[PDB]
Amino acid sequence: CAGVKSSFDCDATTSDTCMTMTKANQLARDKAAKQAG
Amino acid sequence: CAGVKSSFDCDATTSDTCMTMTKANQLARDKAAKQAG
Amino acid sequence: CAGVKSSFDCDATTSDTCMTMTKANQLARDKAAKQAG
Amino acid sequence: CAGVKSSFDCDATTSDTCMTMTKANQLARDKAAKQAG
Amino acid sequence: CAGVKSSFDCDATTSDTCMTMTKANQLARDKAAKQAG
Amino acid sequence: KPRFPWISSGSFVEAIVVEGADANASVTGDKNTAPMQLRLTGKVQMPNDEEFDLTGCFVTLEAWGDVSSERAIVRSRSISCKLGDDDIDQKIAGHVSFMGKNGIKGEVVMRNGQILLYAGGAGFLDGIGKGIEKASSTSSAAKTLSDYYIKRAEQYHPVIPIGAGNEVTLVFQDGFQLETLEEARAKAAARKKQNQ
Amino acid sequence: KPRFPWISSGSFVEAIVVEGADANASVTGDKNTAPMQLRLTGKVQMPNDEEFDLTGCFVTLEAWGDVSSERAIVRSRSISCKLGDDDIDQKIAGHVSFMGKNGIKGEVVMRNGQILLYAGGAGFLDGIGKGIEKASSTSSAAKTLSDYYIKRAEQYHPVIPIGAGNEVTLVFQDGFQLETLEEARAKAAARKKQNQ
Amino acid sequence: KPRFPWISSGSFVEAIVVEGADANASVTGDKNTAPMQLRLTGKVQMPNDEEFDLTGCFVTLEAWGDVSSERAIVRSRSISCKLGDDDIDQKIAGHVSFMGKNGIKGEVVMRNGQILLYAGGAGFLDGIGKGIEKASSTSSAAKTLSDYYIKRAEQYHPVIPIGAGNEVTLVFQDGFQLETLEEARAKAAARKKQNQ
Numbered sequence: 018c019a020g021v022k023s024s025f026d027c028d029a030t031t032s033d034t035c036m037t038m039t040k041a042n043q044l045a046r047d048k049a050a051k052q053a054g
Numbered sequence: 018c019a020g021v022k023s024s025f026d027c028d029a030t031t032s033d034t035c036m037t038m039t040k041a042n043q044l045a046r047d048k049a050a051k052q053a054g
Numbered sequence: 018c019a020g021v022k023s024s025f026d027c028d029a030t031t032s033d034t035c036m037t038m039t040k041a042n043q044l045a046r047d048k049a050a051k052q053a054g
Numbered sequence: 018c019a020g021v022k023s024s025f026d027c028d029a030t031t032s033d034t035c036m037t038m039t040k041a042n043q044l045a046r047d048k049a050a051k052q053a054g
Numbered sequence: 018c019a020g021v022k023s024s025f026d027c028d029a030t031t032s033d034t035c036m037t038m039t040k041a042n043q044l045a046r047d048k049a050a051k052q053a054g
Numbered sequence: 194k195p196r197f198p199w200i201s202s203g204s205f206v207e208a209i210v211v212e213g214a215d216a217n218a219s220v221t222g223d224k225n226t227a228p229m230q231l232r233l234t235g236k237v238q239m240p241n242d243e244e245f246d247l248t249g250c251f252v253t254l255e256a257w258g259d260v261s262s263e264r265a266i267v268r269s270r271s272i273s274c275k276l277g278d279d280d281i282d283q284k285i286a287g288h289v290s291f292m293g294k295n296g297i298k299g300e301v302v303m304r305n306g307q308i309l310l311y312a313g314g315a316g317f318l319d320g321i322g323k324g325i326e327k328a329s330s331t356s357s358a359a360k361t362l363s364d365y366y367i368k369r370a371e372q373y374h375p376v377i378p379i380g381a382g383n384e385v386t387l388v389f390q391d392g393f394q395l396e397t398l399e400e401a402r403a404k405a406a407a408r409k410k411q412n413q
Numbered sequence: 194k195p196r197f198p199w200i201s202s203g204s205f206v207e208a209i210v211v212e213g214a215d216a217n218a219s220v221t222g223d224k225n226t227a228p229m230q231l232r233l234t235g236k237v238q239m240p241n242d243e244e245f246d247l248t249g250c251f252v253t254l255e256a257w258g259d260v261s262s263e264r265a266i267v268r269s270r271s272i273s274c275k276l277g278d279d280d281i282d283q284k285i286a287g288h289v290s291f292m293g294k295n296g297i298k299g300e301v302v303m304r305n306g307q308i309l310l311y312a313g314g315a316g317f318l319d320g321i322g323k324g325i326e327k328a329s330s331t356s357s358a359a360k361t362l363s364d365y366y367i368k369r370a371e372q373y374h375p376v377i378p379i380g381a382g383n384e385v386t387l388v389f390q391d392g393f394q395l396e397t398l399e400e401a402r403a404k405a406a407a408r409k410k411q412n413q
Numbered sequence: 194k195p196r197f198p199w200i201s202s203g204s205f206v207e208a209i210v211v212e213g214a215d216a217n218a219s220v221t222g223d224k225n226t227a228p229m230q231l232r233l234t235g236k237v238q239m240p241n242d243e244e245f246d247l248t249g250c251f252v253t254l255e256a257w258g259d260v261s262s263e264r265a266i267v268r269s270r271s272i273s274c275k276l277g278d279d280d281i282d283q284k285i286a287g288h289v290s291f292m293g294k295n296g297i298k299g300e301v302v303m304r305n306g307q308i309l310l311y312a313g314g315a316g317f318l319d320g321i322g323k324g325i326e327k328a329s330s331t356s357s358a359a360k361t362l363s364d365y366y367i368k369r370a371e372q373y374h375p376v377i378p379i380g381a382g383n384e385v386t387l388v389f390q391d392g393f394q395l396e397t398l399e400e401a402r403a404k405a406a407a408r409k410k411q412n413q
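Protein chains in written order, with the authors' numbering: chain AB1, 18 to 54; chain AB2, 18 to 54; chain AB3, 18 to 54; chain AB17, 18 to 54; chain AB16, 18 to 54; chain EF2, 194 to 331, 356 to 413; chain EF1, 194 to 331, 356 to 413; chain EF17, 194 to 331, 356 to 413.
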């Protein structure tokens, strides 16, 4: 095991959710409508 | 076994259904007629 | 046995039926007359 | 262990807090409003 | 141990006090106001 | 204004792979590629809540393979349309994404089972036979067969099976201006006429 | 004054990755890259308490991989917009940061399990068989298979899976002036006209 | 006199790292660098009891790594401002110091655990197996796996994780004259006009 500390302290990573490219467009659109508000 | 995680998390893949090239054209056409609607 | 899955999922293949080149022309002609109809 | 003293005497280091880039902008803004005062 | 005397006779060294760059500016300023006097 | 609105970079339209192709997935994939063709089935979703109707147009593609990600990296060749009495035939640059990811997901297939088995066997005989000679102490044929069989087996290269009926999304990675054949033909004539 | 305010260097806008791509993360990543596209979902936060509304514009990206940090280092290609009747299509330079850090965080995946196992096995046989010969004292097939299998296994290269639905932040690392297509077209005509 | 007072060499202003970046800390760090951006949060402390208000301006940075001191050596790229109706976009040269020291303090991270373990294991088997053969007296597979695994493991390079929310100090290591975009634009026109 290389000596230097071998761990990031972020934990959070991306999560492939196997969502169709197209459905992501709608997911982006309504969020823009609501998050901006 | 290489150390890095050796698994995708998508699961879904293509499914060769041995459909004739021609029949795919009709399958595309009626879907376009119905999915668009 | 190479690791990757060594099988196609199509099954269907060509079938040499030892038909004379010439007879294939008639087989094409009447099918064109009937399949088109 | 290399002979020379192998220790910094600072102790304090950075602390990745996994904060979204955007939220850091607000964290900078209000501090500027208050720290300057 | 190399033969030549391996010791400085000064003793005094620098002392990282982990002081913020900015606070050093104030520490320099008031000393200039008082040391000069 | 021209009949066709400017198609911007980034737009995407849904599709149904009409022609399935076997992607050459070896070190020389991008040179030795296989043709494959997709038909459009939806309305191009333009960047800002804009939709243009392009249904039934044929798009010709060209594709190779990539074993690391087990996907087929494809590149668009041309787009053909037949609307009203106007025919479209244009070269465009774009890629195809499946399940939210560039390329089409597929498995990797090897047809090396029998040949690789034979190689192993031939010399599995050779080696234990060297130990049989160590026992009888008081291979050339296997070596030659192994060499020939390895030379034959190395010929094969991984293939990605991509078939028909699958649902994909076509992306125009550079924006282009949709134009008709006769209009482009007239333009060519105007440019050649050298209106100085 | 032009309709669009000057976009300065450093500005950032929130986004939703529409197209997911597999980042080639080997020694030649920055040459062999994979396309990927993100849509904007927020208002560009300009440097000093300034906000500009850019919602629904499509940004085309291009990305490779980096195994040391397990992140995908991406570079912007172009930005496309469709507001009112004006279409934007410009080349910009910028990067994308995820969770406060340049690049998008992802895992590293190897598809080498079976091939690397086979190599090990083939010669695990070879070596203990040399000791079996040491015992019977009173491999060529395994060596050839190991060589071929190593040659096949070295082909693969680490991949970073980046998918869709994730939330990222796009940064314009050099400032640019947002301009429309017809306005830029008119400018080009004015520059070519050679107003001496 | 111009609106902006001359910014002299040596001046320092406090900051909050908005964009966190992974510093490439290997022998080729200063060529292969990673972008990172900091926002200003205090008033520039000028050399002699002088203060200038620069709050909310965005500064673009570019950084690499240094393993000997476990710090990220960063270099300023550009500074952008939006005050009133005047936009600033200038190239400046400077560095960033954290906790009184040039660079930002961070740890060193290796993702080599599994690969380096596998190499060790493979041949830990090889060697004791040579001694097992010494015992049975009356490895090739492990060697090949070790070679391949070392070749894969050498690819990785130390990384310095620098995140967001941290507090740093930006230093202008050469003095510059703060100027607006239109004013610089007018100057460029005056210089090009060739007032001979």
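Note that beta-carbon positions come from the ideal geometry of N, C-alpha and C, so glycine has one too.
Using DSSP with H/G/I as helix, E/B as strand and the rest coil, what is residue i?
i	result
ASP391 (chain EF2)	coil
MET239 (chain EF17)	strand
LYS409 (chain EF17)	helix
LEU247 (chain EF2)	coil
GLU207 (chain EF2)	strand
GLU255 (chain EF17)	strand
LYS404 (chain EF1)	helix
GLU399 (chain EF2)	helix
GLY222 (chain EF2)	coil
First and last residue of the beta strand (DSSP E) that includes residue i?
i	result
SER271 (chain EF1)	267-276
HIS288 (chain EF17)	287-291
In whole angstroms, what separates the C-alpha of residue i from that of residue j?
i	j	result
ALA50 (chain AB17)	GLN43 (chain AB1)	38 Å
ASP26 (chain AB17)	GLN390 (chain EF17)	26 Å
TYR311 (chain EF2)	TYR366 (chain EF2)	7 Å
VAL302 (chain EF1)	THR39 (chain AB2)	38 Å
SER204 (chain EF17)	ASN412 (chain EF17)	36 Å
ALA53 (chain AB1)	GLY235 (chain EF1)	7 Å
residue 351 (chain EF2)	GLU384 (chain EF2)	No coordinates exist for residue 351 (chain EF2) in the structure shown, because the numbering of chain EF2 passes directly from 331 to 356.
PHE245 (chain EF17)	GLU243 (chain EF1)	21 Å
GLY287 (chain EF2)	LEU387 (chain EF2)	7 Å
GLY324 (chain EF2)	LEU318 (chain EF17)	23 Å
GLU255 (chain EF1)	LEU233 (chain EF1)	16 Å
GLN283 (chain EF2)	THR253 (chain EF17)	41 Å
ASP33 (chain AB2)	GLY277 (chain EF2)	34 Å
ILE209 (chain EF2)	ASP223 (chain EF1)	32 Å
What are the boundary residues of the alpha helix (DSSP H) that includes residue i?
i	result
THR361 (chain EF1)	357-370
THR39 (chain AB16)	38-53
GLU326 (chain EF1)	306-329
Taking Cβ to Cβ, would you say residue i is nearer than 8 Å to residue j?
i	j	result
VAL211 (chain EF1)	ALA29 (chain AB1)	no
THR31 (chain AB17)	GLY299 (chain EF17)	yes
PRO375 (chain EF17)	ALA218 (chain EF17)	yes
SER329 (chain EF17)	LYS327 (chain EF1)	yes
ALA315 (chain EF1)	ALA370 (chain EF1)	no
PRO240 (chain EF1)	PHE251 (chain EF17)	yes
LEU362 (chain EF1)	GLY306 (chain EF2)	no
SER201 (chain EF2)	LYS404 (chain EF1)	no
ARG304 (chain EF17)	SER23 (chain AB1)	yes
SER273 (chain EF17)	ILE281 (chain EF17)	yes
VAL289 (chain EF1)	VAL267 (chain EF1)	yes
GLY293 (chain EF17)	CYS35 (chain AB16)	yes
> If you measure beta-carbon to beta-carbon, which residues of the stretch 366-396 of chain EF17 are closer than 9 Å to chain AB2?
Replying inline: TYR366 and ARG369
>> Counting only Cβ-Cβ distances shorter than 8 Å, please list the residues of the stretch 245-258 of chain EF2 near chain EF1, keeping chain order.
In response: none
> Relative to chain AB2, which residues along the stretch 201-216 of chain EF2 have a C-beta separation below 9 Å, given in chain order?
Replying inline: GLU207, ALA208, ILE209, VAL210, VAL211, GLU212 and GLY213
>> Give me the subset of the stretch 281-312 of chain EF1 whose CB atoms are less than 7 Å from a CB atom of chain EF2, sorted by chain position.
In response: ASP282 and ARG304
>> If the cut-off is 8 Å on Cβ atoms, which residues from the stretch 23-42 of chain AB1 count as contacting chain EF17, listed in chain order?
In response: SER23, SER24, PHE25, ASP26 and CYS27
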